[PDB]
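According to the deposited numbering, the sequence shown holds residues 14 to 553 in order.
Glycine included, C-beta positions come from ideal geometry on N, C-alpha and C.
Encoded as structure tokens, the structure appears first; notes follow it.
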Amino acid sequence: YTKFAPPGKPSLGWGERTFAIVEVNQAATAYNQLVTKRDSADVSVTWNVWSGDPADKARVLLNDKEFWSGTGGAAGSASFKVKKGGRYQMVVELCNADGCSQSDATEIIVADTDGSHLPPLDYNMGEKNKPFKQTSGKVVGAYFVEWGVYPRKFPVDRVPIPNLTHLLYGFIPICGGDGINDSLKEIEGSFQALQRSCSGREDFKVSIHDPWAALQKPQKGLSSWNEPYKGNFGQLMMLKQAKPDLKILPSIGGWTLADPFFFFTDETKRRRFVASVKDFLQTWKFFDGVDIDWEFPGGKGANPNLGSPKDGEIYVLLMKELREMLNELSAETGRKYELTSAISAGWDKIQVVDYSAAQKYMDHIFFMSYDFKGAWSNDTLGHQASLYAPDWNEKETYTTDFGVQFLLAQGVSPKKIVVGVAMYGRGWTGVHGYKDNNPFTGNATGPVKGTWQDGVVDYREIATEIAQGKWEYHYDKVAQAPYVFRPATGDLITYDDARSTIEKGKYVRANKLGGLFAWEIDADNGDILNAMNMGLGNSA
Ligand SMILES: COC(=O)c1[nH]cc(-c2c[nH]c3cc(Cl)c(Cl)cc23)c1-c1c[nH]c2ccc(Cl)cc12
Ligand SMILES: *[C@@H]1O[C@H](CO)[C@@H](O[C@@H]2O[C@H](CO)[C@@H](O)[C@H](O)[C@H]2NC(C)=O)[C@H](O)[C@H]1NC(C)=O
Ligand SMILES: *[C@@H]1O[C@H](CO)[C@@H](O)[C@H](O)[C@H]1NC(C)=O
């Protein structure tokens, strides 16, 4: 027999069970109205004990740990702060002199942008993708484009996440209107979309180009009306829960979004940009750093009126300040962050920047060893992304080897250079007047018919049409590049195939390079990424 008379069992009342440390407005189009970051969520609970002692003490426990303590024996309420997300069992405990009573547990969801409230990303390998283990110690990266979820129908759950070390999210824009983002006007709707997203936001801060695709679009596993984070961002959160070692990096800029970088001669603008990136990574915690895609320091990007030789020093200062920011962000969060950047592979742009001074702040350099040739010229036909120079033009300097050796000659560490691999072909039509049975000696009359844009064809479609006998396949074994040709219509396409990719992986290994990366992940049927893993020595 004992003297044990604890209070009655508390009954929890009906209440909100879903909370968010980072609040997202599912019906907003402008970034400043779309997301509100805080450093904790506010959880509330009410309980009732029919004829209880209001002098009893009360405690709220989340997963058997105390988050609140006060008084409130007979009917009470509590409000408290939760700083880390997850699914919690909430219990109200009441105590008197004798003992304690415990509520039935109720589940609450505290959402945060590190995916702590979400299950791991469900994936099955599709098409020709085969599973690999990341045992080589090399970078195996790939770009995921934000707009690939519309007619391409490539959401994040189609990414072969076992076969990657890095996922680069293209693209994060920089706020700015006329004069600041003029390059965006070449894409229909793209400039006006940024202006809506940047509505009321200061220029030269990062933002989100398409808030619908990024956060509000229903995706696999994220379809409920009251899911805080859907779209690409919610799926990348679940990806981190499935592969915590896979680095997910946001890429700021690209071809049509690099114009604002040229104004960073003003340190005031550069300081605002860096501060917005710090705020950006605190808001979207699944990101593991920053990828800077400025195309290009000195010019010769999409805007023909931008560029200056002083861009090289601005680039080095930007990297110094971004790392300093990531250093203080490490001090607050205890995490390790990566600073990377995609740079032109052409010597005439490499020369602008002193990368050996910039490489001390950076983890990787994604060497854009592609787009060496394309349908922006009718008369200059060649390999888009070959390893070496071809036979008929041994002095070609736009090759993977020539650019790598030029960057190496600057004193850049070979373990930071990651060689680019093209998951797409660039092509011409109506090629005529060529000698020696070599279609590259002729001229085109225009771009080849493409998958989504004129002059560019997904590797998935190049492969399918080859199997269907719609192409004459050739492999230049000197330049280590494939191409398909159609003698009747003059259709020519230069691309990367499993063979040139493996040859690039052999070059990376032979010269002690950082690895391989590809643009863009959705144009692959699996053959190219498989070759990257095999070419770098990963385990199947
Ligand atoms: C696909 O997205 C892009 O814009 C893009 N990404 C990387 C490059 C690019 C990769 N290595 C390069 C090396 C040199 Cl030396 C130069 Cl100059 C450019 C590049 C390019 C691109 C350049 N010129 C273009 C013209 C039209 C189009 Cl569609 C694209 C490009
Ligand atoms: C490639 O050559 C073609 C023609 O051989 C050029 O297209 C012509 O030029 C302008 C461009 O719109 C048109 O007014 C003519 O009607 C075009 N003729 C054709 C092709 O039908 C084309 O501009 C060239 N491409 C480049 C970038 O030089
Ligand atoms: C293609 O155009 C260039 C323009 O300079 C010319 O030199 C070249 O001969 C042309 N090719 C053919 C096959 O006519």
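Through-space distance from residue j to residue i, alpha-carbon basis
i: residue 238; j: residue 162; result: 19 Å
i: residue 291; j: residue 354; result: 17 Å
i: residue 552; j: residue 328; result: 37 Å
i: residue 323; j: residue 131; result: 46 Å
i: residue 142; j: residue 542; result: 8 Å
i: residue 212; j: residue 220; result: 10 Å
i: residue 475; j: residue 318; result: 36 Å
i: residue 441; j: residue 247; result: 39 Å
i: residue 206; j: residue 47; result: 14 Å
i: residue 151; j: residue 530; result: 10 Å
i: residue 34; j: residue 95; result: 8 Å
i: residue 387; j: residue 464; result: 15 Å
i: residue 524; j: residue 49; result: 47 Å
i: residue 504; j: residue 230; result: 38 Å
i: residue 449; j: residue 302; result: 50 Å
i: residue 427; j: residue 421; result: 7 Å
i: residue 268; j: residue 391; result: 21 Å
i: residue 565; j: residue 122; result: Since the first and last residues shown for the chain are 14 and 553, residue 565 lies out of range.
i: residue 371; j: residue 336; result: 11 Å
i: residue 144; j: residue 25; result: 48 Å
i: residue 7; j: residue 537; result: Look at the range of the chain in this structure, 14 to 553, and you will see that residue 7 is not part of it.
i: residue 135; j: residue 128; result: 14 Å
i: residue 550; j: residue 544; result: 10 Å
i: residue 310; j: residue 118; result: 58 Å
i: residue 217; j: residue 43; result: 15 Å
i: residue 304; j: residue 125; result: 23 Å
Residue i CB to nearest heavy atom of ligand 1 below 7 Å
i: residue 384; result: yes
i: residue 357; result: yes
i: residue 387; result: yes
i: residue 328; result: no
i: residue 268; result: yes
i: residue 368; result: no
i: residue 599; result: Any question about residue 599 goes unanswered here, given that the chain covers just 14 to 553.
i: residue 532; result: yes
i: residue 362; result: yes
i: residue 411; result: yes
i: residue 545; result: no
i: residue 198; result: no
i: residue 349; result: no
Unbroken alpha helix (DSSP H) run spanning residue i, endpoints
i: residue 360; result: 360-363
i: residue 101; result: Element bounds for residue 101: not the alpha helix (DSSP H) but the beta strand (DSSP E), 99-108.
i: residue 294; result: 280-296
i: residue 247; result: 244-255
i: residue 234; result: Here residue 234 belongs to no alpha helix (DSSP H), and DSSP marks it neither H nor E.
i: residue 207; result: 203-210
i: residue 519; result: 511-523
i: residue 542; result: 540-549
Proximity test, residue i beta-carbon vs ligand 3 heavy atom, cut-off 7 Å
i: residue 456; result: yes
i: residue 449; result: no
i: residue 395; result: no
i: residue 446; result: yes
Cβ-heavy atom distance, residue i to ligand 2, below 7 Å
i: residue 459; result: yes
i: residue 391; result: yes
N- and C-terminal bounds of the beta strand (DSSP E) containing residue i
i: residue 305; result: 302-306
i: residue 31; result: 31-33
i: residue 442; result: 437-442
i: residue 264; result: 260-266
i: residue 180; result: 179-185
Can you confirm whether the segment 279-288 touches the segment 227-244 when touching is taken to mean that 3 or more C-beta pairs between the two stretches lie within less than 8 Å? no
Could you tell me which whole beta strand (DSSP E) segments of length 3 or greater appear in the segment 44-86? 48-50, 54-61, 70-75, 78-84
On the three-pair Cβ rule with 8 Å, is the segment 405-422 touching the segment 470-487? The segment 405-422 is not in contact with the segment 470-487.
Every unbroken alpha helix (DSSP H) inside the segment 121-175 [4 residues or more]: none
Sequence ranges, beta strand (DSSP E) only - wholly within the segment 346-417, length at least 3: 351-357, 377-381
Can we say the segment 340-347 touches the segment 482-497, given the rule of at least three CB pairs closer than 8 Å? no
Of all the beta strand (DSSP E) runs that stay within the bounds of the segment 466-507, which reach a length of 3 or more residues? 469-471, 485-489, 494-499, 504-507
Counting Cβ pairs, one atom from each stretch, are 3 or more of them under 8 Å apart for the segment 96-106 and the segment 72-79? yes
Whether or not the segment 79-90 and the segment 57-71 are in contact is what I'm after, with contact meaning three or more pairs of Cβ atoms, one per stretch, closer than 8 Å; do they touch? yes
I want to know whether the segment 364-372 touches the segment 400-411 - three or more CB-CB distances under 8 Å. no
Are the segment 14-30 and the segment 186-196 touching by the rule of at least three beta carbon pairs closer than 8 Å? no
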